[PDB]
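All of the numbers you see were taken from the coordinates with simple rules; none came from a lab. So basically every Cβ, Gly included, is an ideal-geometry build from the backbone, and we count neighbours across all protein chains shown.
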Amino acid sequence: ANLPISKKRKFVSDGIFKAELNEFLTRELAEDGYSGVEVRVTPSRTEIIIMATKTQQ
Amino acid sequence: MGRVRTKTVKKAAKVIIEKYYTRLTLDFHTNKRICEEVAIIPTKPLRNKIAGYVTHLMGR
Amino acid sequence: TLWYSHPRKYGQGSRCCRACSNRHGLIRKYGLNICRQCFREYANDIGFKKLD
Amino acid sequence: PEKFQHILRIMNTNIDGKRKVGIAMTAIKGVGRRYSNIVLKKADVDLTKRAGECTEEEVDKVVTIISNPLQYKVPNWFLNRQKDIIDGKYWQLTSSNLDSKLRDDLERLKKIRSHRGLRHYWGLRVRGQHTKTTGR
Amino acid sequence: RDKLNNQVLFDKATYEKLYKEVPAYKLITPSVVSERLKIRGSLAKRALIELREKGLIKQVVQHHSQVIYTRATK
Amino acid sequence: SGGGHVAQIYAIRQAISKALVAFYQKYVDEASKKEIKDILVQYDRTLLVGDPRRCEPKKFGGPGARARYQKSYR
Amino acid sequence: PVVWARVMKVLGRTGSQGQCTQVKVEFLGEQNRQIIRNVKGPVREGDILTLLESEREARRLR
Amino acid sequence: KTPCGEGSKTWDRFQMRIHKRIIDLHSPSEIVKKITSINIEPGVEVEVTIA
Amino acid sequence: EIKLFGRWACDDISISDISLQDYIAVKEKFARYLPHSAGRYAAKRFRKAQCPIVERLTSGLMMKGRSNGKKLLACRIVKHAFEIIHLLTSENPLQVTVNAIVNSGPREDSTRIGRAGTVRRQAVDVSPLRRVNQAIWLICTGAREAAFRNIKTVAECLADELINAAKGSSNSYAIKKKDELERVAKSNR
RNA sequence: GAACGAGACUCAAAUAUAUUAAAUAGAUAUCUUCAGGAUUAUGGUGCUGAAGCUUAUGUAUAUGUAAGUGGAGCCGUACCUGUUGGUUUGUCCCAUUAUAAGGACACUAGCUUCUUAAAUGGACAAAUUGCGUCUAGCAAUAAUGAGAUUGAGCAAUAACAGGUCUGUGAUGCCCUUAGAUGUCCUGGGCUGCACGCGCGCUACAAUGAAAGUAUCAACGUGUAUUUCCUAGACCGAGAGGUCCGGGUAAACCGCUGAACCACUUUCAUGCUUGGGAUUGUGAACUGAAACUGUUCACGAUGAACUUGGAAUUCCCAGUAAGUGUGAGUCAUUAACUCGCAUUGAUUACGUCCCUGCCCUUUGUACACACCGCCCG
């Protein structure tokens, strides 16, 4: 987003990105028993880890 | 208007009969402060309900 | 094209509910478009703990 | 002092001239309760005076300027019936001619059979709101 | 029923009778102006403006919709 | 700043009563300790209290803060 | 008429909640003859009322 | 509160408090992003304006 | 002192109704200029018994929807009404109202057992802290009905009747309905 | 040792800012157009042509004003008020485009009360003449910012044939889709009205009404293929039009300097300017497009209503009620609801009558449970 939008929407426009993800990781990878997430928006790139019981899936 | 200290204040009220008979006296603000080291109260403001009783305990 | 009516940029129908495609139950006070009935359980986890 | 007239009379009605003219001289049908003070201070009369005074030597100016509003510095959007558009004259009808072409205006609404004039004929509340429970 | 046959009328043909007044008046307001007949309130705003001689009369304070006079008695 | 009209009028009367307890206790006088409020425990004039009343929140289901509209058939 | 009336005790709200909290009224000239009335009104000790009738006793104390 | 909201009108609330603290500086250029990724943890993005 | 509320005096007034003093510390120990104490008068059962006669009727004219929530407008009326009382026999409204409410209260007897099959068994005494609790209210009702439609406005009408209610029957402003219920309650007991 | 429920806890806010502390908010000093107090102190000085005003006017508006005029003024300084702006790590600076650090100096020449919750801080009542029984003298109102700031969020067991298949890519089965219920192509309807019923709004005025004049909010919302908050000019009776500016937000609207309430006038309590229903014409706005209507003003009309039967609601204090404003859906349209501030009473301070809910004791022929069962 190349838009200067302030904090009352930054914590929800990138903030609902984790809840729309949360059933997408339930639905697409349902073969593993997807447990949960941990996102961390770092500078220049973001990473999110995914915990499960079936992890070489 | 309870007219006795109502709910489950014998977590401390009957451990000070022999394990802490001394190490306190009749002053209410002293035993306000001795309760914090004898048990890990995880959310504190229960503290004075289980400290303010000694004004009624030692008088009785 | 021809007969491709309703340039719908006036009134909510149909620029509405990118999440669940529910028309007459939209919520927009931060720009979400998420079917507010679904939002009652989506609020966790998007902050939104009821502190009172 | 008040010993002078106790009554007045103009075209189409008798003015009951008891009250003060800031609230009194709007009793003519076709004049708003602020339209009197619009006209009267342009008609060079003192508005704080009651209507026991302001007899014919002051009514002489106020009678013809109702017939001639446009020639007496009042703009046409501050008039009662401009945009006729039939004859184009930005009128102000008063107490006889208010009702003369009142039915004639909706006579066209019976000639053009429009539902505005049909709602006048059938009998409702004046505008197009809900007739589920108003309807009386 | 005080329907009050009345024109809003200045009437200085009773202002020689508007010094019948102050003996034995004590409480004169435009609301106790109903003591005299031909009762007004808006030309009776005007009717006691010149009732302020500071002799044979006395008021407390003028106020919006609140006017109170009396006699400067002995 | 803040409040309405008489909220600040109730505040500016508090203002110097807030001061004579906060500006007589350093250099001026200690006769000005106890006859500060022998005048104002005869009154107190609600002048030395941090008044805890405040506009309580409006609850759901009604227009009032502690009043919810009903008479809906029972 | 204006016969004096001082109080001794305030009771439960009899009269089926008109809060008619009855009393045992004491008088001035004596201290022993004095006897019950069933008043209406909240009463502290020391309410020096004056009562009309000193003949009603209202003998249903609760 | 209820979906298809017929019966016994009730409401819920969604508090979400964003708190921020501000710290000043008057210093040379790169001596603050030598503390770049410490301590970084989810929930906080730290903004710094060099102007 | 802190007498002369606006114009005259707060002292020089004490009627000893026998023995119906020991009422209220009214203002001999509670000197005032204006009655505007802020909020806290309904907290304990008896907070207003340590509070004057002159507090309550100032706020007591706040009824009828469009006339409540206005106290400083109402204290303006009654302060300017108080020199109408200086124009009626030049007597200060302290021993005008306190000589009213001795007789402006319904005396001792009111009729309520109405949770029974009838109503007629009635109160032996009314407590004097409930005599004045509606004696201030009876004159407010007379204030509205005098100043309702056309007769004479609010500023003079309540002060018209305070010395007229210092004793008995003038008309049915409020003096009747102080005497209406008293004869009923001995026609019922 | 029972365990959950309730308590306990969690939030707002009352509460000590002692401590941490500033784009903002500021108390404070300093400095910025003698700020009238020659009615606190003071000078050149005034009737002697001065200020002022007359004439011609100098960019085919600098208009000083000397001349006309005028009769007395022009000019000095200030403890107090009133100021641009700058002193939140300073007075000069070193340095630097300039600030900070470097020095002297105050050796703090703007600080932490307020704004801001960061963390801690804070109620226990010792004592109450009666051997209330060697156990609850709860008359200690005291004491105290505080008897809780006290309002709220969570909410067990047990279930209902409560509501939703028209919250969904939760969904059985059913159904119909080359003759679509879908998807929609357009318009109408959900707004149709002799009537019943429901929650509301506005009022039935002289505590008011009317035009001015005084002056205070708080909760918050605020544009990015942008269509939002809005400044300041312009053009408009107004609705609304042109042209530019700020605010992605404690920075700009915004001291959010809102509304009754305050004062003065106008109406005298006339179904009248109370009241604005109804209704004609014009002027406009957004939507390509606006009609039993999409809203908004201007003149005009001035309905009922003069306080509402039987009945029936909501509430014990910043509460009711009055009065606003924010937000929700919103291209445009709030009488609605979710918030918020403001004004701020009465009357209890309690009982089981009323209607419900609990506890047992008790009767029962009821157990789709008294809306029962049931007799001729």
**OP:** Answer with yes or no whether B:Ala51 is of a type in the set (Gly, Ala, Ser), surrounded by 10 or more Cβ atoms within 10 Å (Cβ to Cβ) and touching a helix residue (DSSP H, G or I) at 6+ places or on another chain (Cβ under 6 Å).
**Re:** yes
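Taking I:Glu161 as the residue in question, decide whether it is within 11 Å of chain G (Cβ to nearest Cβ), more than 12 Å from RNA strand J (Cβ to nearest atom) and among the acidic types (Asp, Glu).
Numbers: within 11 Å of chain G (Cβ to nearest Cβ): no; more than 12 Å from RNA strand J (Cβ to nearest atom): yes; among the acidic types (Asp, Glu): yes.
When the stated conditions are applied, I:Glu161 does not pass them.
Condition first: near RNA strand J (Cβ under 10 Å from one of its atoms), closer than 30 Å to E:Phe10 by Cα and not β-branched (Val, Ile, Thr). Can you find one or more residues in region D:50-65 that meet it? Show your work before the answer.
As a first pass, look at region D:50-65 and keep what is near RNA strand J (Cβ under 10 Å from one of its atoms): D:50-51.
In the following step, the residues that additionally are closer than 30 Å to E:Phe10 by Cα were identified as D:50-51.
In the following step, the residues that additionally are not β-branched (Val, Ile, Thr) were identified as D:50-51.
Yes, region D:50-65 contains a residue that is near RNA strand J (Cβ under 10 Å from one of its atoms), closer than 30 Å to E:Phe10 by Cα and not β-branched (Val, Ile, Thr).
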Original post:
If A:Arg9 passes every condition in (1) more than 10 Å from chain H (Cβ to nearest Cβ); (2) under 13 Å from the mean Cα position of the chain (by Cα); (3) not aliphatic (A, V, I, L, M) but one, which one does it miss?
Top reply: (2)
Original post:
Are any residues in region D:119-136 surrounded by 10 or more Cβ atoms within 10 Å (Cβ to Cβ) and among the polar types (S, T, N, Q), and if so, which ones?
Top reply: D:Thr131
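Determine which member of the set I:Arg56, I:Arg40, I:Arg66, I:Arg45 is of a type in the set (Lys, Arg) and not in a loop (DSSP other than H, G, I, E, B). Quick ask: steps written out before the conclusion?
Details: I:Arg40 fails: not in a loop (DSSP other than H, G, I, E, B); I:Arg66 fails: not in a loop (DSSP other than H, G, I, E, B); I:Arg45 fails: not in a loop (DSSP other than H, G, I, E, B).
That would be I:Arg56, the only listed residue that is of a type in the set (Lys, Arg) and not in a loop (DSSP other than H, G, I, E, B).
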Subject >> Single unsatisfied condition, I:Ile136 versus (1) in contact with a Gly (Cβ under 9 Å, 6 or more places away or on another chain); (2) hydrophobic (A, V, I, L, M, F, W, C); (3) within 10 Å of another protein chain (Cβ to nearest Cβ) >> reply: (3)
Original post:
In this structure, is I:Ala166 away from chain G (no Cβ under 14 Å), under 12 Å from the mean Cα position of the chain (by Cα), surrounded by 16 or more Cβ atoms within 10 Å (Cβ to Cβ) and not in a helix (DSSP H, G or I)?
Top reply: yes
**OP:** Go through F:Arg54, F:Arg68 for me and flag whichever is within 14 Å of chain H (Cβ to nearest Cβ) and within 6 Å of RNA strand J (Cβ to nearest atom).
**Re:** F:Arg68
Original post:
What are the residue pairs meeting all of these: first residue in region I:19-38, first residue within 14 Å of chain G (Cβ to nearest Cβ) and without any contact (Cβ under 8 Å) to a residue 40 or more places away in the chain, second residue of a type in the set (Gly, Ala, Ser) and in a loop (DSSP other than H, G, I, E, B), Cβ atoms under 7 Å, and 6 or more apart or on different chains?
Top reply: I:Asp22/G:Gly46
Subject >> Residue under evaluation F:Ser32, criteria (1) among the small types (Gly, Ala, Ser); (2) more than 6 Å from RNA strand J (Cβ to nearest atom); (3) loosely packed, with under 10 Cβ neighbours inside 10 Å, criterion not met >> reply: (3)
Subject >> Positions within region I:113-138 being within 12 Å of RNA strand J (Cβ to nearest atom) and assigned to a loop (DSSP other than H, G, I, E, B), in sequence order >> reply: I:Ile113, I:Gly114, I:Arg115, I:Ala116, I:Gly117, I:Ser127
**OP:** Starting from residues that are charged (D, E, K, R) and within 8 Å of RNA strand J (Cβ to nearest atom), keep the ones in region I:55-99 and report whichever is farthest from the other protein chains (Cβ to nearest Cβ).
**Re:** I:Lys64
**OP:** Could you give me the residue pairs with C-beta distances under 7 Å whose first residue belongs to region H:33-50 and is without any contact (Cβ under 8 Å) to a residue 24 or more places away in the chain, whose second residue is among the small types (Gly, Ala, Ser) wherever it lies, and which are 6+ apart or on separate chains?
**Re:** H:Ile50/H:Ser29
